[PDB]
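Pasting final34.pdb here (PDB, C-alpha atoms and all ligand atoms):
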```pdb
MODEL        1
ATOM      1  CA  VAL A   3      18.285  -4.824  84.947  1.00  0.00           C
ATOM      2  CA  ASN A   4      18.011  -1.540  83.027  1.00  0.00           C
ATOM      3  CA  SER A   5      19.902   1.760  82.950  1.00  0.00           C
ATOM      4  CA  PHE A   6      17.345   3.966  84.720  1.00  0.00           C
ATOM      5  CA  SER A   7      19.032   5.586  87.725  1.00  0.00           C
ATOM      6  CA  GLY A   8      17.970   7.516  90.814  1.00  0.00           C
ATOM      7  CA  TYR A   9      14.288   6.531  90.768  1.00  0.00           C
ATOM      8  CA  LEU A  10      12.190   5.990  93.858  1.00  0.00           C
ATOM      9  CA  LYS A  11      10.321   2.664  93.703  1.00  0.00           C
ATOM     10  CA  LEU A  12       6.592   3.152  94.290  1.00  0.00           C
ATOM     11  CA  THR A  13       5.295  -0.358  93.528  1.00  0.00           C
ATOM     12  CA  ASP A  14       6.427  -3.594  91.928  1.00  0.00           C
ATOM     13  CA  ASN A  15       6.423  -1.915  88.500  1.00  0.00           C
ATOM     14  CA  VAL A  16       6.178   1.897  88.939  1.00  0.00           C
ATOM     15  CA  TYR A  17       9.186   4.145  89.596  1.00  0.00           C
ATOM     16  CA  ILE A  18       9.370   7.956  89.896  1.00  0.00           C
ATOM     17  CA  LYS A  19      11.956  10.740  89.718  1.00  0.00           C
ATOM     18  CA  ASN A  20      12.183  14.520  89.631  1.00  0.00           C
ATOM     19  CA  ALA A  21      13.596  14.950  86.152  1.00  0.00           C
ATOM     20  CA  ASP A  22      13.313  16.761  82.857  1.00  0.00           C
ATOM     21  CA  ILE A  23      11.985  14.034  80.557  1.00  0.00           C
ATOM     22  CA  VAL A  24      13.960  15.460  77.623  1.00  0.00           C
ATOM     23  CA  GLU A  25      17.259  15.220  79.501  1.00  0.00           C
ATOM     24  CA  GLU A  26      16.306  11.799  80.876  1.00  0.00           C
ATOM     25  CA  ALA A  27      15.557  10.490  77.381  1.00  0.00           C
ATOM     26  CA  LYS A  28      18.814  11.907  76.016  1.00  0.00           C
ATOM     27  CA  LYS A  29      20.758  10.065  78.736  1.00  0.00           C
ATOM     28  CA  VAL A  30      18.999   6.687  78.807  1.00  0.00           C
ATOM     29  CA  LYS A  31      17.891   6.396  75.157  1.00  0.00           C
ATOM     30  CA  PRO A  32      15.006   4.145  76.262  1.00  0.00           C
ATOM     31  CA  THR A  33      13.204   1.746  73.978  1.00  0.00           C
ATOM     32  CA  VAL A  34      10.058   3.859  74.493  1.00  0.00           C
ATOM     33  CA  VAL A  35       9.511   7.459  75.562  1.00  0.00           C
ATOM     34  CA  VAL A  36       5.879   8.503  76.067  1.00  0.00           C
ATOM     35  CA  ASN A  37       4.690  11.843  74.722  1.00  0.00           C
ATOM     36  CA  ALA A  38       1.778  13.764  76.241  1.00  0.00           C
ATOM     37  CA  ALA A  39       0.174  14.131  72.818  1.00  0.00           C
ATOM     38  CA  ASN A  40      -3.051  15.622  71.529  1.00  0.00           C
ATOM     39  CA  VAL A  41      -5.247  14.024  68.860  1.00  0.00           C
ATOM     40  CA  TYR A  42      -3.744  16.201  66.103  1.00  0.00           C
ATOM     41  CA  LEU A  43      -0.170  15.504  67.215  1.00  0.00           C
ATOM     42  CA  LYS A  44       0.453  19.262  67.349  1.00  0.00           C
ATOM     43  CA  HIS A  45       3.418  19.402  69.719  1.00  0.00           C
ATOM     44  CA  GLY A  46       3.197  23.006  70.788  1.00  0.00           C
ATOM     45  CA  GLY A  47       3.755  23.114  74.530  1.00  0.00           C
ATOM     46  CA  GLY A  48       4.138  21.099  77.678  1.00  0.00           C
ATOM     47  CA  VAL A  49       5.991  17.810  77.396  1.00  0.00           C
ATOM     48  CA  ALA A  50       5.105  17.512  73.698  1.00  0.00           C
ATOM     49  CA  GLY A  51       6.564  20.906  72.845  1.00  0.00           C
ATOM     50  CA  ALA A  52       9.730  20.055  74.778  1.00  0.00           C
ATOM     51  CA  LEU A  53      10.274  16.638  73.164  1.00  0.00           C
ATOM     52  CA  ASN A  54       9.633  18.016  69.703  1.00  0.00           C
ATOM     53  CA  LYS A  55      12.077  20.910  70.213  1.00  0.00           C
ATOM     54  CA  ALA A  56      14.751  18.406  71.260  1.00  0.00           C
ATOM     55  CA  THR A  57      14.246  16.577  67.922  1.00  0.00           C
ATOM     56  CA  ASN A  58      14.785  19.827  65.978  1.00  0.00           C
ATOM     57  CA  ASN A  59      11.113  19.586  64.807  1.00  0.00           C
ATOM     58  CA  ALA A  60      11.601  16.145  63.215  1.00  0.00           C
ATOM     59  CA  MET A  61       8.910  14.758  65.534  1.00  0.00           C
ATOM     60  CA  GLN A  62       6.434  17.340  64.204  1.00  0.00           C
ATOM     61  CA  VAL A  63       7.329  16.612  60.559  1.00  0.00           C
ATOM     62  CA  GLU A  64       6.795  12.876  61.079  1.00  0.00           C
ATOM     63  CA  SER A  65       3.588  13.554  63.015  1.00  0.00           C
ATOM     64  CA  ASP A  66       2.121  15.747  60.275  1.00  0.00           C
ATOM     65  CA  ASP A  67       2.631  12.933  57.757  1.00  0.00           C
ATOM     66  CA  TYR A  68       1.011  10.473  60.201  1.00  0.00           C
ATOM     67  CA  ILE A  69      -2.083  12.685  60.564  1.00  0.00           C
ATOM     68  CA  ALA A  70      -2.358  13.363  56.829  1.00  0.00           C
ATOM     69  CA  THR A  71      -2.566   9.602  56.269  1.00  0.00           C
ATOM     70  CA  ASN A  72      -4.493   8.352  59.306  1.00  0.00           C
ATOM     71  CA  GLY A  73      -6.453  11.296  60.699  1.00  0.00           C
ATOM     72  CA  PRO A  74      -6.536  12.290  64.362  1.00  0.00           C
ATOM     73  CA  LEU A  75      -6.094   9.976  67.301  1.00  0.00           C
ATOM     74  CA  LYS A  76      -8.871   9.309  69.813  1.00  0.00           C
ATOM     75  CA  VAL A  77      -8.765  10.799  73.292  1.00  0.00           C
ATOM     76  CA  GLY A  78      -7.478   7.839  75.296  1.00  0.00           C
ATOM     77  CA  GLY A  79      -5.664   6.459  72.243  1.00  0.00           C
ATOM     78  CA  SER A  80      -2.086   6.299  71.040  1.00  0.00           C
ATOM     79  CA  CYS A  81       0.259   5.672  68.152  1.00  0.00           C
ATOM     80  CA  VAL A  82       3.863   4.484  67.930  1.00  0.00           C
ATOM     81  CA  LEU A  83       6.233   6.701  65.939  1.00  0.00           C
ATOM     82  CA  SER A  84       9.992   7.211  65.848  1.00  0.00           C
ATOM     83  CA  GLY A  85      11.857   8.279  68.965  1.00  0.00           C
ATOM     84  CA  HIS A  86      14.295  10.281  66.797  1.00  0.00           C
ATOM     85  CA  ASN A  87      17.425  11.214  68.807  1.00  0.00           C
ATOM     86  CA  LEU A  88      15.655  10.620  72.144  1.00  0.00           C
ATOM     87  CA  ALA A  89      14.572   6.957  72.149  1.00  0.00           C
ATOM     88  CA  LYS A  90      13.994   4.065  69.787  1.00  0.00           C
ATOM     89  CA  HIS A  91      10.239   4.751  69.701  1.00  0.00           C
ATOM     90  CA  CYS A  92       7.883   7.450  70.887  1.00  0.00           C
ATOM     91  CA  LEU A  93       4.474   6.323  72.125  1.00  0.00           C
ATOM     92  CA  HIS A  94       2.201   9.344  71.602  1.00  0.00           C
ATOM     93  CA  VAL A  95      -0.614   8.972  74.162  1.00  0.00           C
ATOM     94  CA  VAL A  96      -3.627  11.286  74.386  1.00  0.00           C
ATOM     95  CA  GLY A  97      -4.850  11.831  77.909  1.00  0.00           C
ATOM     96  CA  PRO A  98      -7.950  13.965  78.401  1.00  0.00           C
ATOM     97  CA  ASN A  99      -7.345  17.713  78.539  1.00  0.00           C
ATOM     98  CA  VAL A 100      -9.483  19.090  81.369  1.00  0.00           C
ATOM     99  CA  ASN A 101      -9.001  22.600  79.969  1.00  0.00           C
ATOM    100  CA  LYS A 102     -10.941  21.347  76.904  1.00  0.00           C
ATOM    101  CA  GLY A 103     -13.770  19.727  78.893  1.00  0.00           C
ATOM    102  CA  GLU A 104     -12.677  16.160  78.133  1.00  0.00           C
ATOM    103  CA  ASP A 105     -13.811  13.253  80.298  1.00  0.00           C
ATOM    104  CA  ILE A 106     -11.303  12.387  83.035  1.00  0.00           C
ATOM    105  CA  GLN A 107     -12.451   8.736  83.035  1.00  0.00           C
ATOM    106  CA  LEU A 108     -10.581   8.400  79.710  1.00  0.00           C
ATOM    107  CA  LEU A 109      -7.353   8.723  81.718  1.00  0.00           C
ATOM    108  CA  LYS A 110      -7.473   5.005  82.534  1.00  0.00           C
ATOM    109  CA  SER A 111      -7.911   4.182  78.834  1.00  0.00           C
ATOM    110  CA  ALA A 112      -4.897   6.389  78.065  1.00  0.00           C
ATOM    111  CA  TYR A 113      -2.688   4.558  80.575  1.00  0.00           C
ATOM    112  CA  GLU A 114      -3.807   1.158  79.201  1.00  0.00           C
ATOM    113  CA  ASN A 115      -1.712   1.922  76.106  1.00  0.00           C
ATOM    114  CA  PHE A 116       1.416   1.582  78.268  1.00  0.00           C
ATOM    115  CA  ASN A 117       0.678  -2.140  78.782  1.00  0.00           C
ATOM    116  CA  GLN A 118       1.666  -2.847  75.165  1.00  0.00           C
ATOM    117  CA  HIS A 119       5.308  -2.037  76.039  1.00  0.00           C
ATOM    118  CA  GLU A 120       7.514  -3.870  78.522  1.00  0.00           C
ATOM    119  CA  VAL A 121       9.402  -0.755  79.735  1.00  0.00           C
ATOM    120  CA  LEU A 122       8.653   2.956  79.254  1.00  0.00           C
ATOM    121  CA  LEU A 123       9.841   6.405  80.268  1.00  0.00           C
ATOM    122  CA  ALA A 124       6.801   8.613  80.699  1.00  0.00           C
ATOM    123  CA  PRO A 125       5.213  11.730  82.188  1.00  0.00           C
ATOM    124  CA  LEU A 126       2.033  11.764  84.242  1.00  0.00           C
ATOM    125  CA  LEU A 127      -0.772  11.799  81.686  1.00  0.00           C
ATOM    126  CA  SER A 128      -3.201  14.734  81.802  1.00  0.00           C
ATOM    127  CA  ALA A 129      -1.001  16.607  84.308  1.00  0.00           C
ATOM    128  CA  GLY A 130       0.598  19.997  83.721  1.00  0.00           C
ATOM    129  CA  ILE A 131      -1.129  22.049  81.031  1.00  0.00           C
ATOM    130  CA  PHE A 132      -3.676  19.255  80.461  1.00  0.00           C
ATOM    131  CA  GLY A 133      -5.262  20.440  83.704  1.00  0.00           C
ATOM    132  CA  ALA A 134      -5.810  17.272  85.744  1.00  0.00           C
ATOM    133  CA  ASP A 135      -4.723  16.567  89.329  1.00  0.00           C
ATOM    134  CA  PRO A 136      -1.249  14.945  89.152  1.00  0.00           C
ATOM    135  CA  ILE A 137      -1.921  13.024  92.388  1.00  0.00           C
ATOM    136  CA  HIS A 138      -4.856  11.386  90.610  1.00  0.00           C
ATOM    137  CA  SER A 139      -2.784  10.779  87.469  1.00  0.00           C
ATOM    138  CA  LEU A 140      -0.177   8.884  89.498  1.00  0.00           C
ATOM    139  CA  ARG A 141      -2.899   6.814  91.203  1.00  0.00           C
ATOM    140  CA  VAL A 142      -4.553   5.809  87.915  1.00  0.00           C
ATOM    141  CA  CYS A 143      -1.095   4.983  86.549  1.00  0.00           C
ATOM    142  CA  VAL A 144      -0.284   2.683  89.476  1.00  0.00           C
ATOM    143  CA  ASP A 145      -3.702   1.005  89.273  1.00  0.00           C
ATOM    144  CA  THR A 146      -3.650   0.548  85.457  1.00  0.00           C
ATOM    145  CA  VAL A 147      -0.107   0.039  84.171  1.00  0.00           C
ATOM    146  CA  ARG A 148       1.295  -3.456  84.723  1.00  0.00           C
ATOM    147  CA  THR A 149       4.486  -3.056  82.679  1.00  0.00           C
ATOM    148  CA  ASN A 150       7.581  -1.278  84.002  1.00  0.00           C
ATOM    149  CA  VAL A 151       7.082   2.492  83.949  1.00  0.00           C
ATOM    150  CA  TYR A 152       9.669   5.132  84.890  1.00  0.00           C
ATOM    151  CA  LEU A 153       7.880   8.417  85.573  1.00  0.00           C
ATOM    152  CA  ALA A 154       9.672  11.741  85.117  1.00  0.00           C
ATOM    153  CA  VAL A 155       7.966  14.525  87.173  1.00  0.00           C
ATOM    154  CA  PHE A 156       9.037  18.035  86.157  1.00  0.00           C
ATOM    155  CA  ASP A 157       7.979  20.220  89.092  1.00  0.00           C
ATOM    156  CA  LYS A 158       9.975  19.732  92.290  1.00  0.00           C
ATOM    157  CA  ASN A 159       7.044  20.804  94.454  1.00  0.00           C
ATOM    158  CA  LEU A 160       4.932  18.399  92.398  1.00  0.00           C
ATOM    159  CA  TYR A 161       7.488  15.569  92.927  1.00  0.00           C
ATOM    160  CA  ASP A 162       7.895  15.904  96.699  1.00  0.00           C
ATOM    161  CA  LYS A 163       4.137  16.372  97.008  1.00  0.00           C
ATOM    162  CA  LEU A 164       3.553  13.260  94.885  1.00  0.00           C
ATOM    163  CA  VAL A 165       5.910  11.128  96.994  1.00  0.00           C
ATOM    164  CA  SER A 166       4.738  12.405 100.381  1.00  0.00           C
ATOM    165  CA  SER A 167       1.071  11.802  99.508  1.00  0.00           C
ATOM    166  CA  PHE A 168       1.512   8.405  97.826  1.00  0.00           C
ATOM    167  CA  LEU A 169      -0.558   5.632  99.362  1.00  0.00           C
TER     168      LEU A 169
HETATM  169  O1  LIG B   1       5.118  14.605  83.940  1.00  0.00           O
HETATM  170  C1  LIG B   1       4.167  15.567  83.480  1.00  0.00           C
HETATM  171  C2  LIG B   1       4.679  17.069  83.785  1.00  0.00           C
HETATM  172  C3  LIG B   1       3.512  18.075  84.100  1.00  0.00           C
HETATM  173  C4  LIG B   1       4.104  19.469  83.769  1.00  0.00           C
HETATM  174  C5  LIG B   1       2.979  20.515  83.653  1.00  0.00           C
HETATM  175  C6  LIG B   1       2.279  20.765  85.016  1.00  0.00           C
HETATM  176  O2  LIG B   1       3.201  20.799  86.099  1.00  0.00           O
HETATM  177  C7  LIG B   1       4.525  21.124  85.720  1.00  0.00           C
HETATM  178  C8  LIG B   1       5.124  20.072  84.773  1.00  0.00           C
HETATM  179  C9  LIG B   1       4.907  19.102  82.446  1.00  0.00           C
HETATM  180  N1  LIG B   1       5.398  17.652  82.579  1.00  0.00           N
HETATM  181  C10 LIG B   1       6.721  17.248  82.265  1.00  0.00           C
HETATM  182  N2  LIG B   1       7.229  16.111  82.860  1.00  0.00           N
HETATM  183  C11 LIG B   1       8.517  15.668  82.600  1.00  0.00           C
HETATM  184  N3  LIG B   1       9.371  16.267  81.792  1.00  0.00           N
HETATM  185  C12 LIG B   1       8.894  17.387  81.194  1.00  0.00           C
HETATM  186  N4  LIG B   1       9.567  18.167  80.325  1.00  0.00           N
HETATM  187  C13 LIG B   1       8.856  19.222  79.882  1.00  0.00           C
HETATM  188  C14 LIG B   1       7.598  19.153  80.493  1.00  0.00           C
HETATM  189  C15 LIG B   1       7.595  17.969  81.361  1.00  0.00           C
ENDMDL
END
```
Would you put the structure from the file into structure tokens?
Amino acid sequence: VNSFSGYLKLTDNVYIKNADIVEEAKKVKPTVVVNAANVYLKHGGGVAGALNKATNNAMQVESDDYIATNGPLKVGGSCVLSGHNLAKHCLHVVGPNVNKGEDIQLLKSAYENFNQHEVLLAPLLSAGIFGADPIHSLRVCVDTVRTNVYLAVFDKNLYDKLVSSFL
């Protein structure tokens, strides 16, 4: 039993809700919140911009030190950093950005990072400003993630469309 509330159950391990991931994180304080990161950890917009703003830029400060030491992530890769005031940890995961010409097959590799954590709050990788089809993102998620994932879907029309089209 966990403290996630109001989610629709899609499969044995995948749950979904229309929610602002920032407000969800602030309520639940999950062990892991997933960020829709880029390889440079520059949290300018989308989910990443929102989560960073909610940390008063502390996420960006920590991220800049991470990059200075380790260099950029790989597309499809991840790193674990602090969750600041939002969660215990933040798993920064880089899904392919279609608006950069990045390979969509890497989306499965991106979701594989979730399997290293028993429970996560997360957005749909590569959706929104990353330019991929959110219906496809949800499908790859369901077919790749085996741990317990609670998906927060921002757009209402996106959420109802995601539920009504789910196979
Ligand atoms: O789940 C991925 C979605 C996709 C998105 C861009 C395209 O469609 C509109 C929404 C932004 N994402 C978010 N999801 C949950 N919480 C969020 N907070 C701020 C953004 C955000």
So that I can see what lies close to stretch 158-169 of chain A, please list as an MDAnalysis selection string the residues with an atom at most 12 Å from it, counting all atoms listed in the file and leaving out residues fewer than 4 positions away in the same chain. chainID A and resid 9:13 16:22 125:126 129:130 135:142 144:145 153:154
Spatial neighbours of residue A:29, max dist 10 Å, all atoms listed in the file, sep filter under 6 positions, as a ChimeraX atom specification: /A:5-6,23,88-89
The distance between atom CA of residue A:93 and atom CA of residue A:35 is 6.2 Å
For residue A:38, which residue among A:58, A:91, A:76, A:99 is the nearest when counting only C-alpha atoms?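 Checking each of A:58, A:91, A:76, A:99 against residue A:38, counting only C-alpha atoms, the winner is A:99.
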Restricting the calculation to only C-alpha atoms, which member of A:80, A:59, A:131, A:70 is positioned closest to residue A:114?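 Looking at the shortest contact to residue A:114, the residue is A:80.
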Since the input lacks some atoms of stretch 69-91 of chain A, please model N, CA, C and O atoms and print them as a CSV table (one decimal), in the frame of the given file.
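File produced: out.csv:
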```csv
chain,number,residue,atom,x,y,z
A,69,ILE,N,-0.7,12.2,60.5
A,69,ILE,CA,-2.1,12.7,60.6
A,69,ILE,C,-2.7,12.8,59.1
A,69,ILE,O,-3.8,12.5,58.9
A,70,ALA,N,-1.9,13.3,58.2
A,70,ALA,CA,-2.4,13.4,56.8
A,70,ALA,C,-2.9,12.0,56.3
A,70,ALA,O,-3.9,11.9,55.7
A,71,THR,N,-2.2,10.9,56.7
A,71,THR,CA,-2.6,9.6,56.3
A,71,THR,C,-3.7,9.0,57.1
A,71,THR,O,-4.7,8.5,56.5
A,72,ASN,N,-3.6,9.1,58.4
A,72,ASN,CA,-4.5,8.4,59.3
A,72,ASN,C,-5.6,9.2,60.0
A,72,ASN,O,-6.5,8.6,60.6
A,73,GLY,N,-5.5,10.5,59.9
A,73,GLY,CA,-6.5,11.3,60.7
A,73,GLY,C,-6.1,11.3,62.2
A,73,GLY,O,-5.1,10.7,62.6
A,74,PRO,N,-6.9,12.1,63.0
A,74,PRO,CA,-6.5,12.3,64.4
A,74,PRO,C,-6.7,11.0,65.2
A,74,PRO,O,-7.4,10.1,64.9
A,75,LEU,N,-5.9,11.0,66.3
A,75,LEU,CA,-6.1,10.0,67.3
A,75,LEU,C,-7.4,10.2,68.0
A,75,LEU,O,-8.1,11.2,67.9
A,76,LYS,N,-7.8,9.2,68.8
A,76,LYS,CA,-8.9,9.3,69.8
A,76,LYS,C,-8.3,9.8,71.1
A,76,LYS,O,-7.2,9.5,71.5
A,77,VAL,N,-9.1,10.6,71.9
A,77,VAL,CA,-8.8,10.8,73.3
A,77,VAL,C,-8.8,9.5,74.0
A,77,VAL,O,-9.7,8.7,73.9
A,78,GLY,N,-7.7,9.1,74.7
A,78,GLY,CA,-7.5,7.8,75.3
A,78,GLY,C,-6.7,6.9,74.4
A,78,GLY,O,-6.3,5.8,74.9
A,79,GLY,N,-6.4,7.3,73.2
A,79,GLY,CA,-5.7,6.5,72.2
A,79,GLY,C,-4.2,6.8,72.1
A,79,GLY,O,-3.7,7.7,72.8
A,80,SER,N,-3.5,6.1,71.2
A,80,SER,CA,-2.1,6.3,71.0
A,80,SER,C,-1.7,5.9,69.6
A,80,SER,O,-2.4,5.2,68.9
A,81,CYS,N,-0.4,6.3,69.3
A,81,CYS,CA,0.3,5.7,68.2
A,81,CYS,C,1.7,5.6,68.5
A,81,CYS,O,2.3,6.4,69.3
A,82,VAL,N,2.4,4.6,67.8
A,82,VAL,CA,3.9,4.5,67.9
A,82,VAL,C,4.5,5.1,66.7
A,82,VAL,O,4.2,4.8,65.6
A,83,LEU,N,5.4,6.1,67.0
A,83,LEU,CA,6.2,6.7,65.9
A,83,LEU,C,7.7,6.6,66.3
A,83,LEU,O,8.1,6.0,67.4
A,84,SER,N,8.6,7.2,65.5
A,84,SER,CA,10.0,7.2,65.8
A,84,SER,C,10.3,8.0,67.1
A,84,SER,O,9.6,9.0,67.5
A,85,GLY,N,11.3,7.5,67.9
A,85,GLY,CA,11.9,8.3,69.0
A,85,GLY,C,12.9,9.3,68.6
A,85,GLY,O,13.5,10.0,69.5
A,86,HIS,N,13.3,9.3,67.3
A,86,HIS,CA,14.3,10.3,66.8
A,86,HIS,C,15.6,10.1,67.6
A,86,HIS,O,16.1,9.0,67.8
A,87,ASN,N,16.2,11.2,68.1
A,87,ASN,CA,17.4,11.2,68.8
A,87,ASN,C,17.2,11.0,70.3
A,87,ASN,O,18.2,11.0,71.0
A,88,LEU,N,16.0,10.7,70.7
A,88,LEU,CA,15.7,10.6,72.1
A,88,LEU,C,15.4,9.2,72.6
A,88,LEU,O,15.7,8.9,73.8
A,89,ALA,N,15.0,8.3,71.8
A,89,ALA,CA,14.6,7.0,72.1
A,89,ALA,C,14.4,6.2,70.9
A,89,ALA,O,14.4,6.7,69.8
A,90,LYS,N,14.3,4.8,71.0
A,90,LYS,CA,14.0,4.1,69.8
A,90,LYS,C,12.6,4.5,69.2
A,90,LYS,O,12.5,4.8,68.0
A,91,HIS,N,11.6,4.4,70.1
A,91,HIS,CA,10.2,4.8,69.7
A,91,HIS,C,9.7,5.8,70.6
A,91,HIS,O,10.1,5.9,71.8
```
